[PDB]
file my_file.txt (compact mmCIF, C-alpha atoms and all ligand atoms)
# COMPACT_ATOMS: atom_id res chain seq x y z
CA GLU A 2 0.00 0.00 0.00
CA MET A 3 1.29 3.42 -1.21
CA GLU A 4 0.32 5.37 1.99
CA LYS A 5 2.89 3.24 3.93
CA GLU A 6 5.43 3.40 1.03
CA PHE A 7 4.93 7.26 1.19
CA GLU A 8 5.81 7.52 4.95
CA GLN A 9 8.86 5.19 4.38
CA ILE A 10 10.32 7.34 1.54
CA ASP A 11 9.34 10.58 3.37
CA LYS A 12 10.77 9.56 6.83
CA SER A 13 13.94 8.18 5.07
CA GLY A 14 13.96 11.24 2.64
CA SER A 15 14.61 8.82 -0.32
CA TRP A 16 12.55 10.79 -2.95
CA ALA A 17 15.66 11.69 -5.05
CA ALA A 18 16.73 7.98 -4.89
CA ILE A 19 13.37 6.50 -6.13
CA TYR A 20 13.19 9.29 -8.77
CA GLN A 21 16.67 8.25 -10.06
CA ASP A 22 15.59 4.54 -10.14
CA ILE A 23 12.63 5.61 -12.38
CA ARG A 24 14.95 7.74 -14.63
CA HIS A 25 17.26 4.69 -15.13
CA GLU A 26 14.36 2.16 -15.71
CA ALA A 27 12.60 4.47 -18.27
CA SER A 28 12.18 3.45 -21.94
CA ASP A 29 14.21 5.10 -24.71
CA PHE A 30 12.79 5.01 -28.24
CA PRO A 31 13.85 6.84 -31.38
CA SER A 32 12.64 10.45 -31.95
CA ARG A 33 14.04 10.85 -35.51
CA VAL A 34 11.17 12.95 -36.91
CA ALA A 35 11.50 15.53 -34.03
CA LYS A 36 15.29 15.99 -34.76
CA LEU A 37 14.89 16.74 -38.54
CA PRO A 38 16.33 20.23 -39.23
CA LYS A 39 13.00 21.37 -40.84
CA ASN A 40 11.29 20.69 -37.41
CA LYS A 41 13.80 22.68 -35.30
CA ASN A 42 11.45 25.70 -34.96
CA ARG A 43 8.45 23.38 -34.03
CA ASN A 44 10.13 22.38 -30.69
CA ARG A 45 10.17 24.65 -27.64
CA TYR A 46 13.00 22.63 -25.94
CA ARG A 47 15.71 20.71 -27.85
CA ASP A 48 15.85 17.91 -25.15
CA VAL A 49 12.02 17.26 -25.15
CA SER A 50 10.89 15.23 -28.15
CA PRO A 51 8.02 12.88 -28.92
CA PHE A 52 8.98 9.27 -29.72
CA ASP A 53 8.29 8.42 -33.40
CA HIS A 54 6.04 5.46 -32.42
CA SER A 55 3.52 7.51 -30.31
CA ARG A 56 3.79 10.99 -31.97
CA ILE A 57 0.59 12.74 -33.19
CA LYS A 58 0.67 13.35 -36.94
CA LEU A 59 -1.01 16.40 -38.47
CA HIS A 60 -3.14 15.59 -41.62
CA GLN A 61 -1.19 18.18 -43.77
CA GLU A 62 1.03 16.71 -46.60
CA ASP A 63 3.75 19.42 -46.32
CA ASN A 64 4.93 18.71 -42.70
CA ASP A 65 2.94 16.41 -40.36
CA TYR A 66 5.08 17.23 -37.28
CA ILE A 67 3.88 18.59 -33.89
CA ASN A 68 5.54 18.08 -30.51
CA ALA A 69 2.72 15.89 -29.14
CA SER A 70 2.41 12.25 -27.95
CA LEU A 71 -0.58 9.86 -27.55
CA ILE A 72 -0.50 8.19 -24.09
CA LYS A 73 -2.73 5.03 -24.31
CA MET A 74 -3.52 3.45 -20.89
CA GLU A 75 -5.18 0.17 -22.06
CA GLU A 76 -6.27 -1.17 -18.63
CA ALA A 77 -7.74 2.24 -17.55
CA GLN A 78 -9.30 2.78 -21.06
CA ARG A 79 -7.98 6.38 -20.90
CA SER A 80 -6.00 8.16 -23.67
CA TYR A 81 -4.30 11.59 -23.42
CA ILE A 82 -2.42 13.78 -25.88
CA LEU A 83 0.47 15.48 -24.07
CA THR A 84 2.01 18.43 -25.93
CA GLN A 85 4.23 21.45 -25.28
CA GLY A 86 2.79 24.93 -24.81
CA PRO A 87 2.37 26.15 -28.38
CA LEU A 88 4.90 28.52 -29.95
CA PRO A 89 3.94 31.69 -31.91
CA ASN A 90 4.46 29.71 -35.14
CA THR A 91 2.65 26.47 -33.96
CA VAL A 92 -0.68 27.92 -32.60
CA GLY A 93 -2.43 26.97 -35.89
CA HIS A 94 -0.91 23.41 -35.75
CA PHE A 95 -2.15 23.06 -32.14
CA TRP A 96 -5.78 23.84 -33.09
CA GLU A 97 -5.48 21.63 -36.24
CA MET A 98 -4.46 18.73 -33.93
CA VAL A 99 -7.45 19.48 -31.60
CA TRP A 100 -9.74 19.45 -34.68
CA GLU A 101 -8.24 16.25 -36.29
CA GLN A 102 -8.19 14.22 -33.02
CA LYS A 103 -11.83 15.23 -32.10
CA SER A 104 -10.73 16.37 -28.63
CA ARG A 105 -13.47 17.94 -26.43
CA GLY A 106 -11.12 19.44 -23.76
CA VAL A 107 -7.79 21.27 -23.49
CA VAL A 108 -6.12 21.18 -20.05
CA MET A 109 -3.51 23.97 -19.46
CA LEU A 110 -1.40 23.70 -16.28
CA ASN A 111 0.84 26.80 -16.73
CA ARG A 112 0.48 30.62 -16.90
CA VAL A 113 1.56 32.30 -20.17
CA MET A 114 4.26 34.12 -18.20
CA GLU A 115 6.14 32.47 -15.34
CA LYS A 116 9.50 33.53 -13.78
CA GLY A 117 9.39 36.65 -16.06
CA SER A 118 9.59 34.58 -19.35
CA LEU A 119 6.91 33.39 -21.85
CA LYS A 120 6.10 29.67 -21.22
CA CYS A 121 3.41 29.55 -23.95
CA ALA A 122 1.85 31.67 -26.73
CA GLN A 123 -1.56 33.26 -26.02
CA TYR A 124 -3.41 30.69 -28.24
CA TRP A 125 -7.04 31.57 -27.31
CA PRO A 126 -9.07 34.84 -27.57
CA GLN A 127 -9.26 37.18 -24.53
CA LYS A 128 -12.65 38.71 -25.51
CA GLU A 129 -15.93 37.48 -27.09
CA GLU A 130 -15.88 40.13 -29.89
CA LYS A 131 -12.17 39.53 -30.91
CA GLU A 132 -12.03 36.02 -32.49
CA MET A 133 -8.73 34.52 -33.83
CA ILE A 134 -8.23 33.22 -37.38
CA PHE A 135 -5.34 30.75 -38.07
CA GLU A 136 -4.73 31.40 -41.79
CA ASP A 137 -2.16 28.55 -42.10
CA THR A 138 -4.72 25.91 -40.88
CA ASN A 139 -8.03 27.56 -41.94
CA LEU A 140 -9.63 27.57 -38.45
CA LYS A 141 -11.51 30.24 -36.49
CA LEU A 142 -11.67 30.28 -32.70
CA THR A 143 -14.19 32.32 -30.64
CA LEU A 144 -14.45 32.78 -26.89
CA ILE A 145 -18.13 31.99 -25.97
CA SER A 146 -17.85 32.28 -22.17
CA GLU A 147 -15.27 32.36 -19.38
CA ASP A 148 -15.85 31.33 -15.74
CA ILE A 149 -12.95 32.55 -13.50
CA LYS A 150 -12.60 30.88 -10.06
CA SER A 151 -9.84 31.18 -7.41
CA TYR A 152 -7.70 28.18 -8.55
CA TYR A 153 -8.78 27.70 -12.24
CA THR A 154 -10.70 29.22 -15.18
CA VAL A 155 -13.02 27.30 -17.53
CA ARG A 156 -13.63 28.74 -20.96
CA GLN A 157 -16.13 27.59 -23.61
CA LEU A 158 -14.66 28.07 -27.11
CA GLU A 159 -16.12 27.54 -30.55
CA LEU A 160 -13.72 26.10 -33.12
CA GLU A 161 -14.87 26.44 -36.73
CA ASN A 162 -13.37 24.67 -39.72
CA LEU A 163 -13.49 27.48 -42.33
CA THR A 164 -13.04 24.83 -45.12
CA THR A 165 -16.29 22.89 -44.25
CA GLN A 166 -18.08 25.36 -41.88
CA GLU A 167 -18.42 22.62 -39.19
CA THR A 168 -18.15 24.02 -35.62
CA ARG A 169 -17.36 22.26 -32.35
CA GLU A 170 -17.47 23.39 -28.76
CA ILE A 171 -14.09 23.00 -26.97
CA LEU A 172 -13.70 23.32 -23.17
CA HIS A 173 -10.48 25.03 -21.97
CA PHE A 174 -9.55 24.07 -18.39
CA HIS A 175 -6.86 26.44 -17.16
CA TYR A 176 -5.24 25.67 -13.78
CA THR A 177 -3.88 29.13 -12.83
CA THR A 178 -2.32 28.65 -9.33
CA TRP A 179 0.55 26.18 -9.81
CA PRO A 180 3.44 28.09 -8.16
CA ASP A 181 6.47 29.40 -10.17
CA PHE A 182 8.76 27.12 -8.03
CA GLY A 183 8.04 23.69 -6.53
CA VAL A 184 4.56 22.11 -6.24
CA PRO A 185 1.33 23.13 -4.43
CA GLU A 186 1.53 22.60 -0.60
CA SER A 187 -1.85 20.74 -0.64
CA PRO A 188 -3.27 18.66 -3.54
CA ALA A 189 -6.88 19.73 -2.73
CA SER A 190 -7.27 22.39 -5.47
CA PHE A 191 -5.52 20.14 -8.08
CA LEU A 192 -7.94 17.21 -7.23
CA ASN A 193 -10.94 19.59 -7.41
CA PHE A 194 -9.65 20.69 -10.86
CA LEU A 195 -9.13 17.05 -11.99
CA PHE A 196 -12.75 16.14 -10.90
CA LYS A 197 -14.07 19.19 -12.79
CA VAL A 198 -12.34 17.99 -15.99
CA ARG A 199 -13.82 14.49 -15.46
CA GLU A 200 -17.34 15.92 -14.84
CA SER A 201 -17.22 17.80 -18.20
CA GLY A 202 -17.05 14.52 -20.18
CA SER A 203 -13.69 15.64 -21.71
CA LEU A 204 -11.94 12.38 -20.52
CA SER A 205 -14.72 10.10 -21.79
CA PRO A 206 -14.35 7.56 -24.64
CA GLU A 207 -17.16 9.21 -26.70
CA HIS A 208 -14.60 11.97 -27.49
CA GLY A 209 -11.06 12.04 -28.87
CA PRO A 210 -8.27 12.25 -26.29
CA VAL A 211 -8.00 15.29 -24.05
CA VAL A 212 -5.04 17.60 -24.92
CA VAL A 213 -2.91 18.28 -21.81
CA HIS A 214 0.00 20.78 -21.75
CA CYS A 215 2.29 22.85 -19.53
CA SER A 216 5.49 24.43 -21.00
CA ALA A 217 7.33 21.20 -22.08
CA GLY A 218 4.31 18.85 -21.70
CA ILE A 219 6.15 16.41 -19.33
CA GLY A 220 6.15 17.72 -15.72
CA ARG A 221 2.83 19.18 -14.50
CA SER A 222 1.14 17.44 -17.54
CA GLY A 223 2.63 14.14 -16.29
CA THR A 224 1.21 14.66 -12.76
CA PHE A 225 -2.26 15.31 -14.25
CA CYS A 226 -2.40 12.02 -16.28
CA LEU A 227 -0.63 9.94 -13.60
CA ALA A 228 -3.17 10.96 -10.89
CA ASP A 229 -6.19 10.47 -13.20
CA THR A 230 -5.04 6.98 -14.38
CA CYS A 231 -4.07 5.77 -10.85
CA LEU A 232 -7.46 6.83 -9.33
CA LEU A 233 -9.34 5.18 -12.27
CA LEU A 234 -7.41 1.89 -11.76
CA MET A 235 -8.33 1.95 -8.02
CA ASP A 236 -12.06 2.03 -9.05
CA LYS A 237 -11.61 -0.79 -11.56
CA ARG A 238 -9.47 -3.41 -9.70
CA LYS A 239 -10.72 -6.04 -7.18
CA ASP A 240 -7.77 -4.97 -4.97
CA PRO A 241 -7.24 -1.16 -5.09
CA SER A 242 -3.82 -1.48 -3.29
CA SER A 243 -2.36 -3.51 -6.25
CA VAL A 244 -2.00 -0.06 -7.98
CA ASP A 245 1.74 0.79 -8.00
CA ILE A 246 2.31 4.49 -9.04
CA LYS A 247 5.91 3.65 -10.04
CA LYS A 248 4.73 0.94 -12.51
CA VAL A 249 2.00 3.25 -13.93
CA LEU A 250 4.58 6.05 -14.44
CA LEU A 251 6.98 3.67 -16.24
CA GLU A 252 4.13 2.54 -18.56
CA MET A 253 3.28 6.20 -19.45
CA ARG A 254 7.02 6.87 -20.06
CA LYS A 255 6.89 4.30 -22.90
CA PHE A 256 4.75 6.93 -24.73
CA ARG A 257 6.50 10.21 -23.86
CA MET A 258 9.92 10.82 -22.27
CA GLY A 259 10.51 12.58 -18.98
CA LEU A 260 7.00 12.52 -17.49
CA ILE A 261 7.41 13.87 -13.89
CA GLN A 262 10.47 16.18 -14.04
CA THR A 263 11.45 16.35 -10.33
CA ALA A 264 11.38 14.26 -7.14
CA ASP A 265 9.01 16.95 -5.79
CA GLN A 266 6.52 16.29 -8.63
CA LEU A 267 6.80 12.51 -7.84
CA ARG A 268 6.07 13.16 -4.11
CA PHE A 269 3.14 15.46 -5.09
CA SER A 270 1.71 12.69 -7.40
CA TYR A 271 1.74 10.16 -4.49
CA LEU A 272 -0.01 12.77 -2.25
CA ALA A 273 -2.64 13.61 -4.93
CA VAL A 274 -3.44 9.88 -5.45
CA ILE A 275 -3.41 9.04 -1.67
CA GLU A 276 -5.70 12.03 -0.95
CA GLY A 277 -7.91 11.40 -4.00
CA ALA A 278 -8.39 7.72 -2.82
CA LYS A 279 -10.18 9.06 0.36
CA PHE A 280 -12.83 10.85 -1.88
CA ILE A 281 -13.21 7.48 -3.81
CA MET A 282 -13.47 5.00 -0.80
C1 LIG B 301 24.34 4.54 -5.34
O1 LIG B 301 23.40 4.88 -6.33
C2 LIG B 301 22.09 4.43 -6.07
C3 LIG B 301 21.05 5.36 -5.91
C4 LIG B 301 19.76 4.92 -5.66
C5 LIG B 301 19.49 3.55 -5.57
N1 LIG B 301 18.14 3.08 -5.31
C6 LIG B 301 17.47 3.39 -4.07
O2 LIG B 301 18.03 4.04 -3.25
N2 LIG B 301 16.11 2.91 -3.85
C7 LIG B 301 15.34 3.15 -2.64
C8 LIG B 301 14.04 2.66 -2.59
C9 LIG B 301 13.29 2.88 -1.44
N3 LIG B 301 13.79 3.54 -0.40
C10 LIG B 301 15.03 4.01 -0.42
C11 LIG B 301 15.85 3.84 -1.52
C12 LIG B 301 20.52 2.63 -5.73
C13 LIG B 301 21.82 3.07 -5.98

call {"tool": "encode", "arguments": {"input": "my_file.txt", "output": "structure tokens"}}
result
Amino acid sequence: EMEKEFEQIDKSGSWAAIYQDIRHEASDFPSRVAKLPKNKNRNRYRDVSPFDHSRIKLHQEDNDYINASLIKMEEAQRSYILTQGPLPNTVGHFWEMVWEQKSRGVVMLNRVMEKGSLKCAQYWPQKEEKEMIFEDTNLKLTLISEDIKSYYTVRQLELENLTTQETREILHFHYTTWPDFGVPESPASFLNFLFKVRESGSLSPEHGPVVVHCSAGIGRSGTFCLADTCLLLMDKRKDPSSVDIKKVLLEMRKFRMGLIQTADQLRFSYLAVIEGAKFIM
């Protein structure tokens, strides 16, 4: 049981040690498409690349590349697209991916500016009457409504394919209170946020996979998926305590490198799952 494993690692302060064991056990697959010179300006960080086998392909003949990975958790019947915060030149690619994959939700776990630097392009409209057109991908995006709470904002967006005049409603879930350094003290507001995404139907198999991002799409994004999948598996299994976070994390790392960036994010993931288990038992 993970609650006892938590106290052990915590009392022994062995978080950096377990984290290193995970780093060394993690899969390594080719990422040849990401490293092509023509894709250099489509990557925010040169050391964060999608594996070729799990990368999302854009349906454009010219260049199909986006820094995005499909995480498929077979036992949990959950699938997530993890991607980097879009760049100024990839905002149109981002919304093309949302369109092509039939996603219903976008989950954003960063602020546009953190530590005085831009972590992400402003890829959604700030006002109802000022819609955005992505000329490169032939899409129009309109803010329909915005509901600002203390810890997160939910926005309803309309995405229109200008080529076919189909429209879809997209839900933007923006967690706004992750601190510049370290992790939240308590996982309560993060769990509340995760349950709000679930309640929307954005994580449901009727829809394409949810798009999850932070700046690189590996750290905070990793914590989001890890907590969701672990809590799901605890509902599904005859023995909820057979769920080993470490094993679940290593499975996800077959699909995208580097998920959970720090020993602090690992500790926070344990705490989120342990605490979330009380609201589920
Ligand atoms: C000398 O380099 C090494 C660094 C780390 C490990 N693994 C390790 O400490 N695992 C561990 C698991 C649970 N509690 C405490 C520790 C082995 C060798």

call {"tool": "atom_distance", "arguments": {"input": "my_file.txt", "atom1": "CA of residue 156 in chain A", "atom2": "CA of residue 175 in chain A"}}
result
8.1 Å

call {"tool": "residues_around", "arguments": {"input": "my_file.txt", "residues": "range 116-123 of chain A", "least_positions_apart": "3", "cutoff": "12 Å", "atoms": "all atoms listed in the file", "output": "PyMOL selection string"}}
result
chain A and resi 44-46+84-93+95+109-113+126-127+133+180-182+214-218

call {"tool": "closest_atom_pairs", "arguments": {"input": "my_file.txt", "of": "range 26-143 of chain A", "to": "range 239-258 of chain A", "cutoff": "6 Å", "atoms": "all atoms listed in the file", "output": "Markdown table"}}
result
| residue | atom | partner | partner_atom | distance |
| --- | --- | --- | --- | --- |
| A:28 | CA | A:255 | CA | 5.4 |
| A:51 | CA | A:257 | CA | 5.9 |
| A:55 | CA | A:256 | CA | 5.7 |
| A:72 | CA | A:256 | CA | 5.4 |

call {"tool": "residues_near_point", "arguments": {"input": "my_file.txt", "point": "(11.0, 19.8, -11.5)", "cutoff": "12 Å", "atoms": "all atoms listed in the file", "output": "PyMOL selection string"}}
result
chain A and resi 17+20+180-184+216-217+219-224+259-269

call {"tool": "residues_around", "arguments": {"input": "my_file.txt", "residues": "residue 59 in chain A", "least_positions_apart": "4", "cutoff": "12 Å", "atoms": "only C-alpha atoms", "output": "list in words"}}
result
residues 63, 64, 65, 66, 67, 68, 69, 70, 91, 93, 94, 95, 96, 97, 98, 99, 100, 101, 102 and 138 of chain A

call {"tool": "write_last_selection", "arguments": {"input": "my_file.txt", "atoms": "C-alpha atoms", "output": "compact mmCIF listing (two decimals), in the coordinates of the input"}}
result
# COMPACT_ATOMS: atom_id res chain seq x y z
CA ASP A 63 3.75 19.42 -46.32
CA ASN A 64 4.93 18.71 -42.70
CA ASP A 65 2.94 16.41 -40.36
CA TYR A 66 5.08 17.23 -37.28
CA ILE A 67 3.88 18.59 -33.89
CA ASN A 68 5.54 18.08 -30.51
CA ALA A 69 2.72 15.89 -29.14
CA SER A 70 2.41 12.25 -27.95
CA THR A 91 2.65 26.47 -33.96
CA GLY A 93 -2.43 26.97 -35.89
CA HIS A 94 -0.91 23.41 -35.75
CA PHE A 95 -2.15 23.06 -32.14
CA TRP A 96 -5.78 23.84 -33.09
CA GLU A 97 -5.48 21.63 -36.24
CA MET A 98 -4.46 18.73 -33.93
CA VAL A 99 -7.45 19.48 -31.60
CA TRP A 100 -9.74 19.45 -34.68
CA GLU A 101 -8.24 16.25 -36.29
CA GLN A 102 -8.19 14.22 -33.02
CA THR A 138 -4.72 25.91 -40.88

call {"tool": "atom_distance", "arguments": {"input": "my_file.txt", "atom1": "CA of residue 190 in chain A", "atom2": "CA of residue 276 in chain A"}}
result
11.4 Å

call {"tool": "residues_near_ligand", "arguments": {"input": "my_file.txt", "ligand": "ligand LIG 301 (chain B)", "cutoff": "10 Å", "atoms": "all atoms listed in the file", "output": "JSON, numbers by chain"}}
result
{"A": [6, 7, 9, 10, 11, 12, 13, 14, 15, 16, 17, 18, 19, 20, 21, 22, 23, 25]}

call {"tool": "build_atoms", "arguments": {"input": "my_file.txt", "residues": "range 186-199 of chain A", "atoms": "N, CA, C and O atoms", "output": "PDB file, in the coordinates of the input"}}
result
ATOM      1  N   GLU A 186       1.345  23.119  -1.985  1.00  0.00           N
ATOM      2  CA  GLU A 186       1.530  22.600  -0.600  1.00  0.00           C
ATOM      3  C   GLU A 186       0.536  21.455  -0.394  1.00  0.00           C
ATOM      4  O   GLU A 186       0.943  20.381   0.077  1.00  0.00           O
ATOM      5  N   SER A 187      -0.721  21.702  -0.750  1.00  0.00           N
ATOM      6  CA  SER A 187      -1.850  20.740  -0.640  1.00  0.00           C
ATOM      7  C   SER A 187      -2.303  20.336  -2.046  1.00  0.00           C
ATOM      8  O   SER A 187      -2.364  21.174  -2.938  1.00  0.00           O
ATOM      9  N   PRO A 188      -2.653  19.053  -2.287  1.00  0.00           N
ATOM     10  CA  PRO A 188      -3.270  18.660  -3.540  1.00  0.00           C
ATOM     11  C   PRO A 188      -4.774  18.900  -3.661  1.00  0.00           C
ATOM     12  O   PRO A 188      -5.316  18.507  -4.658  1.00  0.00           O
ATOM     13  N   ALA A 189      -5.407  19.602  -2.722  1.00  0.00           N
ATOM     14  CA  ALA A 189      -6.880  19.730  -2.730  1.00  0.00           C
ATOM     15  C   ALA A 189      -7.335  20.469  -3.990  1.00  0.00           C
ATOM     16  O   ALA A 189      -8.280  20.006  -4.658  1.00  0.00           O
ATOM     17  N   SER A 190      -6.722  21.590  -4.345  1.00  0.00           N
ATOM     18  CA  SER A 190      -7.270  22.390  -5.470  1.00  0.00           C
ATOM     19  C   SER A 190      -6.985  21.672  -6.806  1.00  0.00           C
ATOM     20  O   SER A 190      -7.774  21.739  -7.729  1.00  0.00           O
ATOM     21  N   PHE A 191      -5.875  20.962  -6.895  1.00  0.00           N
ATOM     22  CA  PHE A 191      -5.520  20.140  -8.080  1.00  0.00           C
ATOM     23  C   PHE A 191      -6.547  18.999  -8.275  1.00  0.00           C
ATOM     24  O   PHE A 191      -7.000  18.802  -9.397  1.00  0.00           O
ATOM     25  N   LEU A 192      -6.916  18.292  -7.200  1.00  0.00           N
ATOM     26  CA  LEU A 192      -7.940  17.210  -7.230  1.00  0.00           C
ATOM     27  C   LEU A 192      -9.276  17.775  -7.656  1.00  0.00           C
ATOM     28  O   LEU A 192      -9.935  17.176  -8.523  1.00  0.00           O
ATOM     29  N   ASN A 193      -9.675  18.898  -7.053  1.00  0.00           N
ATOM     30  CA  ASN A 193     -10.940  19.590  -7.410  1.00  0.00           C
ATOM     31  C   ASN A 193     -10.935  19.841  -8.924  1.00  0.00           C
ATOM     32  O   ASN A 193     -11.915  19.479  -9.601  1.00  0.00           O
ATOM     33  N   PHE A 194      -9.837  20.410  -9.426  1.00  0.00           N
ATOM     34  CA  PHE A 194      -9.650  20.690 -10.860  1.00  0.00           C
ATOM     35  C   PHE A 194      -9.776  19.397 -11.660  1.00  0.00           C
ATOM     36  O   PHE A 194     -10.487  19.371 -12.702  1.00  0.00           O
ATOM     37  N   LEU A 195      -9.054  18.360 -11.254  1.00  0.00           N
ATOM     38  CA  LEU A 195      -9.130  17.050 -11.990  1.00  0.00           C
ATOM     39  C   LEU A 195     -10.588  16.533 -12.035  1.00  0.00           C
ATOM     40  O   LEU A 195     -11.065  16.168 -13.103  1.00  0.00           O
ATOM     41  N   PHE A 196     -11.336  16.620 -10.937  1.00  0.00           N
ATOM     42  CA  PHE A 196     -12.750  16.140 -10.900  1.00  0.00           C
ATOM     43  C   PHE A 196     -13.612  17.010 -11.779  1.00  0.00           C
ATOM     44  O   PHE A 196     -14.469  16.473 -12.501  1.00  0.00           O
ATOM     45  N   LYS A 197     -13.299  18.292 -11.881  1.00  0.00           N
ATOM     46  CA  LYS A 197     -14.070  19.190 -12.790  1.00  0.00           C
ATOM     47  C   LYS A 197     -13.822  18.788 -14.232  1.00  0.00           C
ATOM     48  O   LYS A 197     -14.777  18.814 -15.051  1.00  0.00           O
ATOM     49  N   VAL A 198     -12.588  18.430 -14.582  1.00  0.00           N
ATOM     50  CA  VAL A 198     -12.340  17.990 -15.990  1.00  0.00           C
ATOM     51  C   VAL A 198     -13.147  16.704 -16.241  1.00  0.00           C
ATOM     52  O   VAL A 198     -13.740  16.566 -17.316  1.00  0.00           O
ATOM     53  N   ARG A 199     -13.094  15.780 -15.313  1.00  0.00           N
ATOM     54  CA  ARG A 199     -13.820  14.490 -15.460  1.00  0.00           C
ATOM     55  C   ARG A 199     -15.310  14.775 -15.662  1.00  0.00           C
ATOM     56  O   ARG A 199     -15.915  14.178 -16.567  1.00  0.00           O
TER      57      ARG A 199
END
